[PDB]
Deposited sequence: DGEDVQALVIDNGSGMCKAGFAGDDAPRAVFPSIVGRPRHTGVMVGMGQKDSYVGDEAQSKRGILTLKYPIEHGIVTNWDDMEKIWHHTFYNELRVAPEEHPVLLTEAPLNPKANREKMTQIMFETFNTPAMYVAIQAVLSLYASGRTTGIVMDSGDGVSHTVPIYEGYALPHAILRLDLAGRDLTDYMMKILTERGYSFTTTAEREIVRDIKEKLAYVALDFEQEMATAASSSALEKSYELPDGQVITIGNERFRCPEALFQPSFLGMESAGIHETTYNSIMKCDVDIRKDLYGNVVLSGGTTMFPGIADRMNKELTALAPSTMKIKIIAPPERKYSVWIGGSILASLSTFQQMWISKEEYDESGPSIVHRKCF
């Protein structure tokens, strides 16, 4: 009986733990910090709190790894400091973004076996793990994290590549947008600690209005929608329509001067790229996942918007699990725990025999 590890590499946060647990043992920022002017490097929370003397780097952009040296550093830290295991003793399941470049898949594989000497590993698509965590083999996952949002149609366990769509707007952009509109109200948040406050404000008081217009109307006429927020010292700020104006950007990217369509239209578009025969199953299984889908009211709004786009006869079902922030990781925990996982992973032997390219035949 061997213990498998599960690592969900996100653009903003990394989630790591042991297969079989119902939640990641460690959640920390995806950052590598190094002496800006002159331990040699830090990762995660420590890098973040020592930002005063370190220059921070984020190796994962839009879900894709853009710096392999820094990613290796993150994994090294994950194994030895966060999980406190020797990687050579554990099969490792890693997650990847939809449409992850072929070269990256091989690089990930090479690093695990050659650098970390893992006895076995596997790469699963994040969105698919999330669907499995919801107990379904068919549906369309709307995955929105920190750096990017994806709409991934999946049929009988397999994503449909040609229909996957991407929206380059996610949590990070909403946090930045909140920073800006909050200034119109006079509040200037520009430092890192201030951005943290803004992120907290977004996570704590923001929400998606069922009907934006009507909500603005409401906000402009009475003080019903305002909320108070206590800052780290003691100052108290008053937040108004910014609470729903912030996440509204997900549905109106133009708020950020983006030309692309909102999340609801992207979901509808992905569904329309799929065979007519399976669209019913997608409309009836829209699964939301990722930290950015955590805004209260998003399910209702997605339901409303999708209903407006689909024929009135089509049954629309938005599934928003309370644990969606970690759906991907949980999905991985379950998959890696199956009595059948054993055979699906790439073993060291196989890697030695075929090399990195083996990932294209064993993980699809």
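Colleague: Taking the deposited sequence as numbered from 1, list the residue ranges that were left without C-alpha coordinates.
Modeller: Missing from the model are residues 1-3, 42-49.
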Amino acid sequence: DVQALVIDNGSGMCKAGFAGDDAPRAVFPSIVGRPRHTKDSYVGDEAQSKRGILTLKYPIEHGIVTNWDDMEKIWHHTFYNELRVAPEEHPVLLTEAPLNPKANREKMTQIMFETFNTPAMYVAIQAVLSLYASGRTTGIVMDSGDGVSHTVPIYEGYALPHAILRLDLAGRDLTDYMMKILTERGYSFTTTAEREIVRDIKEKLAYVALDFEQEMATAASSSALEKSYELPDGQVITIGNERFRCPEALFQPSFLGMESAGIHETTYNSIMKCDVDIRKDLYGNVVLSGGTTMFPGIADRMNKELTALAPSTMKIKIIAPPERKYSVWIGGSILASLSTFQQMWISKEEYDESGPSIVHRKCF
From here on, numbers count along this sequence of modelled residues.
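Colleague: Mind pulling up the entry and telling me whether 343-351 or 8-16 has the higher mean Cα temperature factor?
Modeller: It is 343-351 that shows the higher mean C-alpha B-factor.
Colleague: Between 328-336 and 63-71, which has the larger average Cα B-factor in the PDB entry?
Modeller: Higher of the two, by average CA B-factor, is 63-71.
Colleague: Sort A86, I140, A224, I164 by C-alpha B-factor from the entry and give me just the highest.
Modeller: The listed residue with the largest C-alpha B-factor is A224.
Colleague: Checking the entry, which one of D176, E96, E194, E82 has the top C-alpha B factor?
Modeller: The record points to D176.
Colleague: Relative to the other modelled residues in the chain, which third contains the C-alpha temperature factor of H150: lowest, middle or highest?
Modeller: It belongs to the lowest third of the chain when residues are ordered by C-alpha B-factor.
Colleague: Is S30 in the lowest, middle or highest third of its chain when residues are ranked by C-alpha B-factor?
Modeller: Within its chain, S30 is a lowest-third residue by C-alpha B-factor, going by the deposited values.
Colleague: Is the Cα B-factor recorded for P101 in the lowest, middle or highest third of its chain?
Modeller: It belongs to the middle third of the chain when residues are ordered by C-alpha B-factor.
Colleague: Check where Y207 lands among this chain's C-alpha B-factors and tell me if it's the lowest, middle or highest third.
Modeller: It belongs to the middle third of the chain when residues are ordered by C-alpha B-factor.
Colleague: Mind checking which third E305 falls in for C-alpha B-factor across the chain?
Modeller: CA B-factor rank for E305: lowest third.
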